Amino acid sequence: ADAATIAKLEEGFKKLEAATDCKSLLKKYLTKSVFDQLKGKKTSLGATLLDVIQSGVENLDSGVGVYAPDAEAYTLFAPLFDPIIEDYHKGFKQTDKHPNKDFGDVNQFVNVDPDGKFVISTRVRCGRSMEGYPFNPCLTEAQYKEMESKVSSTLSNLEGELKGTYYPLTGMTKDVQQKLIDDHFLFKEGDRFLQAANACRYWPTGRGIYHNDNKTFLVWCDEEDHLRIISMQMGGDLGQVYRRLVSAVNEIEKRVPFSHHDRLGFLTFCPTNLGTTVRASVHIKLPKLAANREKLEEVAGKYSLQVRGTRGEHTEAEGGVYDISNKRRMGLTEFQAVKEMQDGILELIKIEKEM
């Protein structure tokens, strides 16, 4: 690590002490003892501590404030990453190992609302970093093109349910944009937190969108992580959504190896998405539980569920509509995470019926 970067690191640290208002996990765990042991180190691909914390220094309001420049950095800079991970993922000690991938007995997953009267739509997401490339902080332009032609080639040779079409962002027509905007499939350049992390360079080179013909499978190449992989549909057939996801992820891995770490799970750009990288969610109507919020907050904790209200434009009538997702991503398998989610929704609907 060169003297010019070490100087810029010394600036950011004094800027963190000078921000007594900052509540970011970066400021919490970047002690002077850790900072002096990491500031001079660099990965074998060339990423410095500055490529980790720059975005958290430029954005003092940021919640986490660190990002991973390459896969190797989670090891080289573990003295800062490990305590941050402990904090965000409550109960993931610095010595615990995350289980290896296990999609489990996928047949055990069912429809959580067979009569469609409660769940509007069902969604399961995961992400992957492609093995052999650095993450978005350090991707060169040539690397962006190589990834695009590989993901495009891979996703285009998908057959059956996943038969689709890849739309690259570079030189996208105005017509496709609307058609993709219409289907909620498009993404744009990242917010202020990604821009400060160097995560939005050479835009839109290397960025693309893939969706199947049935519009129940959707992949984003290089929006934030290398790959974001979603299975979605209307209704509450969590099982069907989840089984379609495992089919796709296994099939992509045949041609595309993923960046895995036998203690942190699947490696991603942001430490909030380590472990399973799995976020199973439903849009569900629970009007009775909306009145008695204390019961909903209590049952949500029983199944480790995050309850967010729907972001919306004209939603004043829909206060009893929720986006319920699974909160846990580490220290448990993919199968365990989605099962826990399913068990939750089943009980939430059961309670709603008893009101």
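Note that residue numbering follows the sequence shown and begins at 1.
Peer 1: Between 331-339 and 10-18, name whichever shows the higher mean Cα B factor according to the PDB entry.
Peer 2: Of 10-18 and 331-339, the stretch with the higher C-alpha B-factor average is 10-18.
Peer 1: Mean Cα B factor from the PDB record: higher for 291-299, or higher for 319-327?
Peer 2: Looking at the recorded C-alpha B-factors, 291-299 comes out higher on average.
Peer 1: Among the choices 129, 100, 143, 173, identify the one whose CA B-factor in the record is greatest.
Peer 2: Largest recorded C-alpha B-factor: 173.
Peer 1: Quick one: which of 265, 114, 239, 137 shows the highest Cα temperature factor in the PDB entry?
Peer 2: Each of 265, 114, 239, 137 was compared by C-alpha B-factor; the highest is 114.
Peer 1: State the tercile, meaning the lowest, middle or highest third, of residue 306 with respect to the CA B-factors recorded for its chain.
Peer 2: As the PDB entry reports it, the C-alpha B-factor of residue 306 lands in the middle third of its chain.
Peer 1: Taking the C-alpha B-factors as the PDB entry records them, is residue 200 in the lowest, middle or highest third of its chain?
Peer 2: Residue 200: CA B-factor falls in the highest third of its chain.
Peer 1: Using the B-factor values recorded in the entry, state whether the Cα atom of residue 193 falls in the lowest, middle or highest third among the modelled residues of its chain.
Peer 2: Highest third, going by the recorded CA B-factors of the chain.
Peer 1: If you rank every modelled residue in this chain by C-alpha B factor, which third holds residue 69: lowest, middle or highest?
Peer 2: Residue 69: CA B-factor falls in the lowest third of its chain.
Peer 1: Would you mind ranking residue 207 by its C-alpha B-factor against the rest of the chain and naming the third, lowest, middle or highest?
Peer 2: As the PDB entry reports it, the C-alpha B-factor of residue 207 lands in the lowest third of its chain.
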